[PDB]
Amino acid sequence: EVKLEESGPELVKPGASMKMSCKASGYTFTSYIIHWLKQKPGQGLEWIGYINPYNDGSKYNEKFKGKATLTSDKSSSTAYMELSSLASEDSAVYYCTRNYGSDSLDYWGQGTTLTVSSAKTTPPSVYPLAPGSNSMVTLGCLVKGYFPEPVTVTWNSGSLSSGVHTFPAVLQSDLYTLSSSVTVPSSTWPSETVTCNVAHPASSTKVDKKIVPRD
Amino acid sequence: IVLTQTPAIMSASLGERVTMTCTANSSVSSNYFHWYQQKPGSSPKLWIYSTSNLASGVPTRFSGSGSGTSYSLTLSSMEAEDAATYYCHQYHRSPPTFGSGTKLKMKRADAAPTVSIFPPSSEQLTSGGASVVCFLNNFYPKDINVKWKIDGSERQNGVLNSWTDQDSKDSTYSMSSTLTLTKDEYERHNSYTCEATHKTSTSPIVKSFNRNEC
Ligand SMILES: *[C@@H]1O[C@H](CO)[C@@H](O)[C@H](O)[C@H]1NC(C)=O
Ligand SMILES: [K+]
């Protein structure tokens with residue numbers, strides 16, 4: 001199985017640089033060009049450049065030939081992109097992807113979320129959302145006060161069809177707020193334990209929050 | 001090379017034929033013209049390569065055609081899993097470029113929001129903040145207005161709203177509205193009401209929480 005595995009999300013300060021990685025497995029690394037692309041929230045894709053790991057040659061979008069440096073390490077089957085002298089507008093999801101026949105992009109990494117900001121990395125506070133004192137009951141979790149993106153939310157629950165909604169985060173004053181709802185049969189809760197599990201890879205933290213009924 | 005995709009946004013009911021176009025500002029070889037599909041929060045997927053060849057796993061209801069500057073992706077029968085953003089791609093010249101996207105949505109029957117309100121957790125109250133959360137779940141169409149009332153007066157400051165994209169199964173939207181106050185401000189009022197206005201009801205769909213009942 002071909003896999004491209006990208007490095008994790010990072011926060012970088014304005015004026016500094018970032019280097020991210022794209023680890024290739026399951027095929028002959030040196031036989032295929034890898035492309036690097038940028039995607040800002042709510043926009044299309046912008047190509048930065050490519051690396052040919054066969055001969056170590058890289059080609060750049062003229063826009064990026066100063067800022068970007070693409071390298072690869074044959075020893076570890078890993079391509080890297082360095083972006084230098086960063087500013088707020090370098091904040092984006094960055095993809096590595098494999099060049100296939102007729103230069104279509106067949107396998108893709110999962111994306112690396114880069115945030116460029118003066119703000120501090122801060123782990124989330126997670127709060128249970130339980131009804132105040134029907135056959136279905138909606139519960140949730142409120143994920144507040146974190147930076148940067150992303151967080152992931154997974155539920156342990158008896159949720160029904162179309163019963164889990166995790167809302168895109170909203171930024172305010174250098175801190176994100178995210179929420180997630182789960183709708184479960186009222187026989188299952190508070191009887192069975194419902195837990196929202198939040199991960200924030202940028203701070204290397206998680207939270208396992210049990211939804212307890214209000215007393 | 002600029003690629004302009006049209007329409008930017010469109011909706012189709014199930015079973016309807018859908019065609020979207022990508023127009024290039026310069027001629028591009030059909031061998032180096034490709035399409036991708038992207039769903040919210042996920043990487044793009046190769047969808048069509050060299051104008052008309054379907055990638056591995058792509059349903060046969062999709063096709064592609066074109067040459068010169070005008071290319072199209074056609075879907076013979078709209079199905080629920082087809083709601084996504086579609087991007088065109090040329091690699092006739094370096095740098096390769098991509099379209100701004102056609103976001104294809106699924107039309108479906110009107111659905112009223114199911115409204116749920118939640119007071120601040122005891123845990124949040126130790127932080128000096130207090131958030132009241134309102135979920136408005138599984139509604140259609142997307143157009144909705146949410147109002148917060150505190151003891152009868154509208155509150156507009158400290159409100160964060162977020163919407164999901166169409167649910168994979170039922171194709172409805174959901175929305176979260178979070179009112180955040182200081183704990184001091186939170187404790188000066190009794191009742192917090194979230195009120196939803198949606199085309200499915202001439203009356204708002206509302207829920208309230210009172211501090212004295214809890
Ligand atoms: C490309 O074509 C579009 C649509 O006609 C036009 O608005 C745009 O200005 C063109 N761009 C350039 C760089 O010529
Ligand atoms: K726990």
Side-chain angles (χ1 to χ4, degrees), chain A residues 127-144 153 159-170 172 177-184 186 211 214, chain B residues 11 40 105-121 130-181 186 189-211 213-214:
Chain A
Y127 304 122
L129 304 178
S133 307
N134 195 40
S135 58
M136 302 276 262
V137 61
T138 302
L139 312 165
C141 269
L142 177 60
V143 185
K144 274 181 65 49
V153 176
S159 65
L160 290 315
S161 80
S162 309
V164 190
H165 304 294
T166 294
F167 301 89
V170 182
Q172 185 170 53
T177 298
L178 174 144
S179 63
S180 187
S181 77
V182 72
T183 297
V184 308
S186 49
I211 314 310
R214 301 176 63 77
Chain B
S11 296
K105 307 186 289 161
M106 185 180 145
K107 289 198 170 77
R108 54 144 290 145
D110 287 354
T114 294
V115 177
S116 295
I117 193 167
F118 305 85
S121 56
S131 294
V132 184
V133 178
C134 185
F135 293 130
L136 302 93
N137 283 338
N138 299 80
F139 63 89
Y140 186 92
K142 193 174 179 157
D143 309 279
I144 195 169
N145 182 274
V146 177
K147 278 205 215 316
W148 282 92
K149 308 296 194 63
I150 299 175
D151 300 328
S153 290
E154 185 177 1
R155 177 67 181 201
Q156 294 188 340
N157 282 287
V159 178
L160 304 179
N161 294 329
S162 185
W163 275 263
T164 51
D165 220 313
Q166 288 185 286
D167 185 85
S168 301
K169 272 183 200 65
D170 76 359
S171 296
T172 59
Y173 295 93
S174 288
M175 175 190 190
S176 179
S177 192
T178 303
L179 173 59
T180 300
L181 302 169
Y186 170 68
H189 311 287
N190 188 242
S191 91
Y192 294 82
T193 302
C194 66
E195 300 191 8
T197 297
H198 191 251
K199 73 168 287 190
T200 50
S201 181
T202 58
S203 283
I205 300 156
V206 316
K207 288 288 196 297
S208 297
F209 166 80
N210 296 33
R211 287 193 37 242
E213 299 176 345
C214 181

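Below, read A as the first sequence line, B as the second, and so on, with proteins coming before strands; counting in each chain starts at 1.
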Run the side-chain contact (heavy atoms from CB on, under 4.5 Å) test against B/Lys169 and tell me which residues pass, sequence neighbours left out. A/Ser161, A/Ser162, B/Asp167
Using residues 129-138 of chain A as the side-chain source, report each donor-acceptor pair under 3.5 Å to any protein atom, sequence neighbours left out, with the distance given to one decimal.
from: A/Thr138; atom 1: OG1; to: A/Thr183; atom 2: OG1; distance (Å): 2.9

Can you tell if the side chain of B/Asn137 reaches within under 4.5 Å of the side chain of B/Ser116, non-hydrogen atoms only? no
Name of the residue among B/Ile205, B/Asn161, B/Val146 meeting side-chain contact (heavy atoms from CB on, under 4.5 Å) with B/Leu136: B/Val146
Judged by atom type as modelled, is there a donor-acceptor pair below 3.5 Å linking the side chain of B/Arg108 to the main-chain atoms of B/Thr172? no
If you define the side chain from C-beta out and look only at heavy atoms, does anything of B/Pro120 sit under 4.5 Å from B/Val132? yes
Is there a side-chain contact between B/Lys207 and B/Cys134 (heavy atoms, below 4.5 Å)? no
Side chains of A/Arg214 and B/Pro119, heavy atoms from C-beta outward: is any pair under 4.5 Å? yes
Value for CD (B/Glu213) from OG (B/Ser191), rounded to nearest 0.5 Å, stands at 9.5 Å
Which residues satisfy the side chain to side chain donor-acceptor pair (under 3.5 Å) test with B/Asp151, sequence neighbours excluded? none
Under the side chain to side chain donor-acceptor pair (under 3.5 Å) test, residues paired with B/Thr200 that sit two or more places apart: B/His198
Using a 4.5 Å cut-off on heavy atoms from C-beta on, say whether the side chain of B/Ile144 contacts that of B/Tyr173. no
Student check: side-chain heavy atoms of B/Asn138 and B/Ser174 closer than 4.5 Å: yes
Would you say A/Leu142 and A/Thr177 make side-chain contact, with heavy atoms under 4.5 Å? yes
Can you name the residues that form a ring pair (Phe, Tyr, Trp, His ring centres under 6.0 Å) with A/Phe167, not counting sequence neighbours? B/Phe135
Are B/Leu179 and B/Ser131 packed together at the side-chain level, in the sense that at least one heavy-atom pair is separated by less than 4.5 angstrom? no
Test of understanding: with ring pair (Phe, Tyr, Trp, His ring centres under 6.0 Å), list the residues that count as partners of B/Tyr192, not counting sequence neighbours. B/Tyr186
